[PDB]
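Each ligand, and each atom within it, is numbered from 1 in the order the structure gives. So that the names make sense, note that chain A is the first sequence line, chain B the second, and so on, each numbered from 1.
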Number of protein chains: 2
Amino acid sequence: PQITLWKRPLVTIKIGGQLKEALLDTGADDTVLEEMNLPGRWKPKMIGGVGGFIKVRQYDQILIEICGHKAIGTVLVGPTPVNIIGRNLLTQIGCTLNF
Amino acid sequence: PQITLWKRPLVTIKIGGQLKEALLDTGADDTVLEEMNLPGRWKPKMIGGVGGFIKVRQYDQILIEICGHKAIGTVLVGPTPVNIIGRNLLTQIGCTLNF
Ligand SMILES: CC(C)CN(C[C@@H](O)[C@H](Cc1ccccc1)NC(=O)O[C@H]1CO[C@H]2OCC[C@H]21)S(=O)(=O)c1ccc(N)cc1
């Protein structure tokens, strides 16, 4: 599909057997999701943006379905104000910017 | 053009007669640029990102050219980690997400 940018590009995602709303974010290197209890091992990480840094938990090879498009890769989990789908998964669903 | 997301979507912008590099950021409501001298009045504002809130100078009705496409809109100037082009300007240049 084509998504205009009049409003936040929020879409439904499926991760760990749960449906969530997440931002399709070309400005995010990696996907970061609001705090959630994912099983498995993880590695601590810090990501920086407007306002400074937050501490997140990096999970690898996590399966996410974005608008029926399946993807698998790194998913960060931490105190983000919004669920964010980053370029690491946007490339996997064939997402492009167009103007 | 069509821009894939294997790398950061960085583009050259022109603002205040000066060239700069900026990130096309569909996850940003607003456009935030690093510290710079701009003409015209400005009002102090607050903006929040993943790590908290920062103080910025708000410039309205500023001409800014993004990859040869002209826009006139609000530009926030402050201690952002990187120049980000947000939806307020992405819409003006006719930018959409496609997959
Ligand atoms: C600032 C960017 C270079 C990086 N950010 C992605 C960006 O799209 C955030 C993503 C974002 C969106 C909402 C809330 C927090 C973070 N948007 C943002 O900061 O925009 C601000 C200016 O316009 C306003 O609208 C949103 C917040 C303001 S980030 O959230 O900090 C980030 C950094 C690293 C990763 N792996 C994932 C995300």
Side-chain angles (χ1 to χ4, degrees), chain A residues 3 5-11 13 15 20-36 42 44-54 56-60 62 64 66 71 73-92 95 97, chain B residues 3 5-6 8-11 13 20-35 44 46-54 56-60 62 64 66 71 73-92 95 97:
Chain A
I3 299 175
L5 300 174
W6 296 113
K7 63 179 184 181
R8 289 191 172 185
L10 291 167
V11 302
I13 63 170
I15 177 177
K20 300 167 175 282
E21 296 303 288
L23 218 65
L24 300 186
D25 190 352
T26 61
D29 288 344
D30 289 297
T31 295
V32 48
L33 304 179
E34 292 169 45
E35 174 54 48
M36 70 183 305
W42 52 274
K45 190 171 158 70
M46 265 165 91
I47 60 168
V50 175
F53 288 75
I54 60 165
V56 301
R57 308 194 303 281
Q58 171 179 343
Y59 298 85
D60 298 324
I62 303 298
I64 296 184
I66 301 148
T74 299
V75 174
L76 313 173
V77 181
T80 177
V82 184
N83 294 313
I84 293 166
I85 305 300
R87 293 188 296 99
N88 73 308
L89 300 186
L90 296 174
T91 58
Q92 295 190 31
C95 186
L97 281 169
Chain B
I3 296 172
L5 302 173
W6 306 103
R8 288 200 178 198
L10 294 167
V11 298
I13 62 166
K20 288 177 171 265
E21 185 165 271
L23 177 72
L24 304 181
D25 188 353
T26 57
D29 299 348
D30 308 304
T31 297
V32 191
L33 301 183
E34 294 181 300
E35 211 68 44
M46 302 290 295
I47 191 72
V50 77
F53 288 70
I54 59 168
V56 297
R57 282 140 50 205
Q58 179 176 329
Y59 294 84
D60 291 324
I62 296 293
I64 171 166
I66 300 153
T74 300
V75 173
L76 311 177
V77 176
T80 176
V82 64
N83 298 324
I84 58 178
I85 307 299
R87 291 185 299 100
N88 72 308
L89 301 183
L90 296 175
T91 53
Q92 289 195 20
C95 192
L97 287 165

Among B:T80, B:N83, B:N88, B:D25, find the one that has a side-chain hydrogen bond (donor to acceptor under 3.5 Å, both in side chains) with B:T31.
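By the side-chain hydrogen bond (donor to acceptor under 3.5 Å, both in side chains) criterion, B:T31 pairs with just one of B:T80, B:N83, B:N88, B:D25: B:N88.
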Donor-acceptor pair, side chain of A:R87 and main chain of A:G27, under 3.5 angstrom:
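No, A:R87 side chain to A:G27 backbone: no donor-acceptor pair under 3.5 Å.
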Taking the side chain from A:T91 and the backbone from B:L5, do they hold a donor-acceptor pair closer than 3.5 Å?
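It does not hold such a pair.
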So do the side chains of [X] and [Y] get within less than 4.5 Å of each other, counting heavy atoms only?
X: A:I66; Y: A:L24; answer: yes
X: A:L33; Y: A:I13; answer: yes
X: A:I3; Y: A:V11; answer: yes
X: A:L23; Y: A:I85; answer: no

Is the closest N or O pair between [X] and ligand 1 shorter than 3.5 Å?
X: B:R8; result: no
X: A:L23; result: no
X: A:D25; result: yes

Would you mind checking which non-hydrogen protein atom is closest to [atom], with the distance to 0.1 Å?
atom: atom 27 (C) of ligand 1; result: B:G48 O, 3.2 Å
atom: atom 16 (C) of ligand 1; result: B:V50 N, 3.8 Å
atom: atom 24 (C) of ligand 1; result: B:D29 N, 3.4 Å
atom: atom 13 (C) of ligand 1; result: A:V82 CG2, 4.1 Å
atom: atom 5 (N) of ligand 1; result: A:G27 O, 4.2 Å
atom: atom 37 (C) of ligand 1; result: A:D30 O, 3.2 Å
atom: atom 38 (C) of ligand 1; result: A:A28 CB, 3.6 Å

Do A:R8 and A:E21 sit within salt-bridge range, that is, some charged N less than 4.0 Å from a carboxylate O?
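Salt bridge absent between A:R8 and A:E21.
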Assess A:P81 for proximity to ligand 1: is some non-hydrogen atom of it under 4.0 Å away?
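Yes.
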Quick one: which ligand 1 atoms are inside 4.0 Å of a heavy atom on A:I84?
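Reading through ligand 1 atom by atom, the close ones are 10 (C), 11 (C), 30 (O).
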